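Peer 1: A single structure is presented below for examination.
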Amino acid sequence: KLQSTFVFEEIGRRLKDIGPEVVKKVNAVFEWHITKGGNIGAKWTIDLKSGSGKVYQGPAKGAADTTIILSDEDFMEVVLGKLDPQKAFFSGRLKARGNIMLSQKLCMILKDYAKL
Ligand SMILES: COCCOCCOCCOc1ccc(C(C)(C)CC(C)(C)C)cc1
Ligand SMILES: [Cu+2]
């Protein structure tokens, strides 16, 4: 059981409401590899390229623009504000592949949706 699952499911619920506005600012597809034992326990895609966006399990149906790899616990610590994702990147706990420049847009945008 991964705690990250609750977050991804809630994100999916959120996008059915704020999706269209999130997809216009981001315009990208994000893949997530959540580890538990250095072992990938779950893969998630957050597609923000059309409509209201979508969250689904597994690898991206097409190319992912950015892939983020981190532990279940570290993901949760970033979600709860206890671990800065940029510090985690420079420390080696958070890995990012692909277009790392796109990673900025995502946190900032949903956060601003976390204050409404
Ligand atoms: C151009 O960037 C310079 C290098 O900095 C890299 C920073 O990388 C950290 C940002 O990547 C993340 C990591 C996690 C997240 C969260 C977990 C907040 C996204 C979420 C809540 C939608 C899962 C967002 C962006
Ligand atoms: Cu920033």
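Residue names in the structure tokens use chain letters A, B, ... in the order shown, residue numbers from 1 in each chain, and ligand numbers from 1 in the order shown.
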Enumerate, in order of chain and increasing residue number, the residues of chain A with an atom no farther than 6 Å from ligand 1, each with its shortest atom pair and distance in Å to one decimal, counting only C-alpha atoms and all ligand atoms, as a Markdown table.
Peer 2:
| residue | atom | partner | partner_atom_place_in_ligand_line | distance |
| --- | --- | --- | --- | --- |
| A:75 | CA | ligand 1 | 17 (C) | 5.7 |
| A:78 | CA | ligand 1 | 17 (C) | 5.6 |
| A:79 | CA | ligand 1 | 18 (C) | 5.5 |
| A:85 | CA | ligand 1 | 9 (C) | 4.2 |
| A:86 | CA | ligand 1 | 7 (C) | 4.0 |
| A:89 | CA | ligand 1 | 8 (O) | 5.5 |
| A:100 | CA | ligand 1 | 1 (C) | 5.3 |
| A:101 | CA | ligand 1 | 1 (C) | 3.8 |
| A:103 | CA | ligand 1 | 11 (O) | 4.7 |
| A:104 | CA | ligand 1 | 10 (C) | 5.7 |
| A:106 | CA | ligand 1 | 24 (C) | 5.6 |
| A:107 | CA | ligand 1 | 24 (C) | 4.2 |
Peer 1: Name the residues in contact with residue 66 (chain A) at a cut-off of 7 Å, using only C-alpha atoms, excluding same-chain residues fewer than 6 positions from it; report them as a PyMOL selection string.
Peer 2: chain A and resi 29-31+96-100
Peer 1: Can I get the selection written as a compact mmCIF listing (two decimals), in the first residue's frame, with C-alpha atoms?
Peer 2:
# COMPACT_ATOMS: atom_id res chain seq x y z
CA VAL A 29 2.59 15.11 -19.66
CA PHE A 30 4.29 14.05 -16.42
CA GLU A 31 5.21 10.50 -15.49
CA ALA A 96 13.98 14.14 -12.90
CA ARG A 97 14.37 13.12 -16.50
CA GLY A 98 13.30 14.72 -19.71
CA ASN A 99 12.40 18.39 -19.73
CA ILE A 100 13.36 19.43 -16.24
Peer 1: May I ask which of the residues A:83, A:108, A:88, A:70 is the closest one to residue 39 (chain A), counting only C-alpha atoms?
Peer 2: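 When distances to residue 39 (chain A) are compared using only C-alpha atoms, the smallest one comes from A:70.
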Peer 1: When DSSP is applied to the backbone of this structure, which of chain A are assigned alpha helix (DSSP H)? Write them out as an NGL selection string.
Peer 2: :A and (4-26 or 72-79 or 85-91 or 102-111)
Peer 1: With C-alpha atoms retained, could you export that selection as a compact mmCIF listing (two decimals), in the first residue's frame?
Peer 2:
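part27.txt, written as the output of this step:
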# COMPACT_ATOMS: atom_id res chain seq x y z
CA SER A 4 1.12 8.33 -2.77
CA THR A 5 -1.96 6.67 -4.23
CA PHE A 6 -4.28 8.83 -2.17
CA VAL A 7 -2.65 11.93 -3.56
CA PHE A 8 -2.84 10.92 -7.21
CA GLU A 9 -6.48 9.94 -6.82
CA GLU A 10 -7.29 13.29 -5.27
CA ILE A 11 -5.41 15.07 -8.03
CA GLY A 12 -7.61 13.27 -10.51
CA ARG A 13 -10.69 14.41 -8.63
CA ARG A 14 -9.36 17.96 -8.64
CA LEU A 15 -8.72 18.06 -12.36
CA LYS A 16 -12.35 17.27 -13.17
CA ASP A 17 -12.92 20.75 -11.78
CA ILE A 18 -9.78 22.82 -12.37
CA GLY A 19 -8.47 20.69 -15.21
CA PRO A 20 -9.10 22.94 -18.13
CA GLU A 21 -7.19 25.89 -16.52
CA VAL A 22 -4.30 23.61 -15.38
CA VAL A 23 -3.90 22.19 -18.97
CA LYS A 24 -3.63 25.67 -20.49
CA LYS A 25 -0.79 26.81 -18.26
CA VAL A 26 1.19 23.56 -18.29
CA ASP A 72 6.72 7.02 -1.61
CA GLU A 73 7.80 8.63 1.62
CA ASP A 74 9.65 11.48 -0.04
CA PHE A 75 6.74 12.14 -2.35
CA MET A 76 4.52 12.47 0.69
CA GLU A 77 6.99 14.73 2.40
CA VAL A 78 6.98 17.03 -0.67
CA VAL A 79 3.13 16.95 -0.73
CA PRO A 85 11.42 19.42 -4.14
CA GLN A 86 14.32 21.47 -5.42
CA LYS A 87 16.44 20.67 -2.40
CA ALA A 88 15.50 17.06 -2.86
CA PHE A 89 16.66 17.18 -6.41
CA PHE A 90 20.06 18.62 -5.61
CA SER A 91 20.45 16.13 -2.77
CA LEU A 102 8.66 21.82 -17.09
CA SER A 103 8.84 20.62 -13.51
CA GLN A 104 8.64 24.17 -12.30
CA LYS A 105 5.29 24.85 -13.81
CA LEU A 106 3.60 21.94 -12.21
CA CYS A 107 4.28 22.52 -8.52
CA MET A 108 3.61 26.25 -8.66
CA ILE A 109 0.35 25.79 -10.53
CA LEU A 110 -1.44 23.08 -8.49
CA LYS A 111 -0.22 24.74 -5.31
Peer 1: Find, counting only C-alpha atoms, the residue in A:116, A:36, A:82, A:27 that gets nearest to residue 53 (chain A).
Peer 2: A:27
Peer 1: What is the CA of residue 71 (chain A)-CA of residue 50 (chain A) distance in Å, reported with one decimal?
Peer 2: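 Computing it gives 28.6 Å between the two atoms.
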Peer 1: Would you mind writing down, as a PDB file with N, CA and C atoms, in the first residue's frame, each residue of chain A that DSSP on the backbone assigns to strand (DSSP E or B)?
Peer 2:
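Final output, out.pdb:
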ATOM      1  N   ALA A  28       1.559  19.751 -20.794  1.00  0.00           N
ATOM      2  CA  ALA A  28       2.572  18.732 -20.745  1.00  0.00           C
ATOM      3  C   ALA A  28       2.092  17.465 -20.113  1.00  0.00           C
ATOM      4  N   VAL A  29       2.897  16.430 -20.232  1.00  0.00           N
ATOM      5  CA  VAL A  29       2.587  15.115 -19.658  1.00  0.00           C
ATOM      6  C   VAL A  29       3.712  14.698 -18.715  1.00  0.00           C
ATOM      7  N   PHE A  30       3.339  14.349 -17.498  1.00  0.00           N
ATOM      8  CA  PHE A  30       4.290  14.048 -16.418  1.00  0.00           C
ATOM      9  C   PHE A  30       4.138  12.594 -16.001  1.00  0.00           C
ATOM     10  N   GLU A  31       5.245  11.873 -15.945  1.00  0.00           N
ATOM     11  CA  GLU A  31       5.208  10.502 -15.485  1.00  0.00           C
ATOM     12  C   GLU A  31       5.905  10.415 -14.150  1.00  0.00           C
ATOM     13  N   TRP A  32       5.388   9.584 -13.264  1.00  0.00           N
ATOM     14  CA  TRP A  32       5.929   9.457 -11.944  1.00  0.00           C
ATOM     15  C   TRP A  32       6.270   8.043 -11.628  1.00  0.00           C
ATOM     16  N   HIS A  33       7.483   7.803 -11.165  1.00  0.00           N
ATOM     17  CA  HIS A  33       7.871   6.491 -10.700  1.00  0.00           C
ATOM     18  C   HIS A  33       8.071   6.538  -9.178  1.00  0.00           C
ATOM     19  N   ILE A  34       7.168   5.930  -8.425  1.00  0.00           N
ATOM     20  CA  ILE A  34       7.229   5.944  -6.973  1.00  0.00           C
ATOM     21  C   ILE A  34       7.907   4.681  -6.457  1.00  0.00           C
ATOM     22  N   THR A  35       8.991   4.844  -5.729  1.00  0.00           N
ATOM     23  CA  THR A  35       9.737   3.713  -5.231  1.00  0.00           C
ATOM     24  C   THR A  35       9.437   3.346  -3.793  1.00  0.00           C
ATOM     25  N   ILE A  40      10.417   0.267  -7.843  1.00  0.00           N
ATOM     26  CA  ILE A  40       9.206   0.920  -8.281  1.00  0.00           C
ATOM     27  C   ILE A  40       7.975   0.156  -7.836  1.00  0.00           C
ATOM     28  N   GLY A  41       7.179   0.761  -6.982  1.00  0.00           N
ATOM     29  CA  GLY A  41       5.932   0.155  -6.523  1.00  0.00           C
ATOM     30  C   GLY A  41       4.735   0.668  -7.290  1.00  0.00           C
ATOM     31  N   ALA A  42       4.875   1.754  -8.036  1.00  0.00           N
ATOM     32  CA  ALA A  42       3.755   2.345  -8.787  1.00  0.00           C
ATOM     33  C   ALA A  42       4.271   3.329  -9.818  1.00  0.00           C
ATOM     34  N   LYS A  43       3.562   3.385 -10.935  1.00  0.00           N
ATOM     35  CA  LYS A  43       3.839   4.374 -11.987  1.00  0.00           C
ATOM     36  C   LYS A  43       2.558   5.173 -12.160  1.00  0.00           C
ATOM     37  N   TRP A  44       2.642   6.472 -12.359  1.00  0.00           N
ATOM     38  CA  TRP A  44       1.437   7.290 -12.578  1.00  0.00           C
ATOM     39  C   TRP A  44       1.713   8.247 -13.715  1.00  0.00           C
ATOM     40  N   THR A  45       0.695   8.598 -14.470  1.00  0.00           N
ATOM     41  CA  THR A  45       0.813   9.664 -15.456  1.00  0.00           C
ATOM     42  C   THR A  45      -0.168  10.771 -15.099  1.00  0.00           C
ATOM     43  N   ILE A  46       0.260  12.036 -15.171  1.00  0.00           N
ATOM     44  CA  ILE A  46      -0.639  13.219 -15.036  1.00  0.00           C
ATOM     45  C   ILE A  46      -0.576  13.906 -16.407  1.00  0.00           C
ATOM     46  N   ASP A  47      -1.497  13.621 -17.327  1.00  0.00           N
ATOM     47  CA  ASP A  47      -1.559  14.175 -18.694  1.00  0.00           C
ATOM     48  C   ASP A  47      -2.267  15.530 -18.645  1.00  0.00           C
ATOM     49  N   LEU A  48      -1.579  16.597 -18.995  1.00  0.00           N
ATOM     50  CA  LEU A  48      -2.151  17.922 -18.983  1.00  0.00           C
ATOM     51  C   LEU A  48      -1.955  18.558 -20.343  1.00  0.00           C
ATOM     52  N   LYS A  54      -5.871  14.537 -17.155  1.00  0.00           N
ATOM     53  CA  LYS A  54      -6.182  13.226 -16.669  1.00  0.00           C
ATOM     54  C   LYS A  54      -5.080  12.615 -15.845  1.00  0.00           C
ATOM     55  N   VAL A  55      -5.445  11.825 -14.853  1.00  0.00           N
ATOM     56  CA  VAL A  55      -4.505  11.072 -14.074  1.00  0.00           C
ATOM     57  C   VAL A  55      -4.821   9.617 -14.258  1.00  0.00           C
ATOM     58  N   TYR A  56      -3.822   8.842 -14.613  1.00  0.00           N
ATOM     59  CA  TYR A  56      -4.011   7.429 -14.753  1.00  0.00           C
ATOM     60  C   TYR A  56      -2.792   6.645 -14.360  1.00  0.00           C
ATOM     61  N   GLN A  57      -3.016   5.386 -14.042  1.00  0.00           N
ATOM     62  CA  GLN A  57      -1.959   4.513 -13.611  1.00  0.00           C
ATOM     63  C   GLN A  57      -1.198   3.953 -14.779  1.00  0.00           C
ATOM     64  N   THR A  66       8.295  14.860 -18.955  1.00  0.00           N
ATOM     65  CA  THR A  66       9.149  14.835 -17.776  1.00  0.00           C
ATOM     66  C   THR A  66       8.788  13.624 -16.944  1.00  0.00           C
ATOM     67  N   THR A  67       9.816  12.981 -16.422  1.00  0.00           N
ATOM     68  CA  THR A  67       9.635  11.837 -15.535  1.00  0.00           C
ATOM     69  C   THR A  67      10.277  12.123 -14.178  1.00  0.00           C
ATOM     70  N   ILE A  68       9.519  11.951 -13.110  1.00  0.00           N
ATOM     71  CA  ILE A  68      10.010  12.190 -11.766  1.00  0.00           C
ATOM     72  C   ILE A  68      10.076  10.877 -11.015  1.00  0.00           C
ATOM     73  N   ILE A  69      11.224  10.593 -10.408  1.00  0.00           N
ATOM     74  CA  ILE A  69      11.416   9.349  -9.669  1.00  0.00           C
ATOM     75  C   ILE A  69      11.814   9.634  -8.226  1.00  0.00           C
ATOM     76  N   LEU A  70      11.004   9.156  -7.304  1.00  0.00           N
ATOM     77  CA  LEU A  70      11.226   9.352  -5.900  1.00  0.00           C
ATOM     78  C   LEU A  70      10.493   8.304  -5.070  1.00  0.00           C
ATOM     79  N   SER A  71      10.879   8.195  -3.808  1.00  0.00           N
ATOM     80  CA  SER A  71      10.249   7.268  -2.892  1.00  0.00           C
ATOM     81  C   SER A  71       8.866   7.738  -2.493  1.00  0.00           C
ATOM     82  N   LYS A  95      14.721  12.444  -8.509  1.00  0.00           N
ATOM     83  CA  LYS A  95      15.312  12.388  -9.835  1.00  0.00           C
ATOM     84  C   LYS A  95      14.336  12.911 -10.865  1.00  0.00           C
ATOM     85  N   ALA A  96      14.828  13.635 -11.845  1.00  0.00           N
ATOM     86  CA  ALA A  96      13.982  14.141 -12.901  1.00  0.00           C
ATOM     87  C   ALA A  96      14.616  13.951 -14.250  1.00  0.00           C
ATOM     88  N   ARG A  97      13.890  13.334 -15.155  1.00  0.00           N
ATOM     89  CA  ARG A  97      14.373  13.119 -16.496  1.00  0.00           C
ATOM     90  C   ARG A  97      13.517  13.858 -17.490  1.00  0.00           C
ATOM     91  N   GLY A  98      14.035  14.035 -18.684  1.00  0.00           N
ATOM     92  CA  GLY A  98      13.300  14.724 -19.706  1.00  0.00           C
ATOM     93  C   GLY A  98      13.451  16.207 -19.590  1.00  0.00           C
TER      94      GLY A  98
END
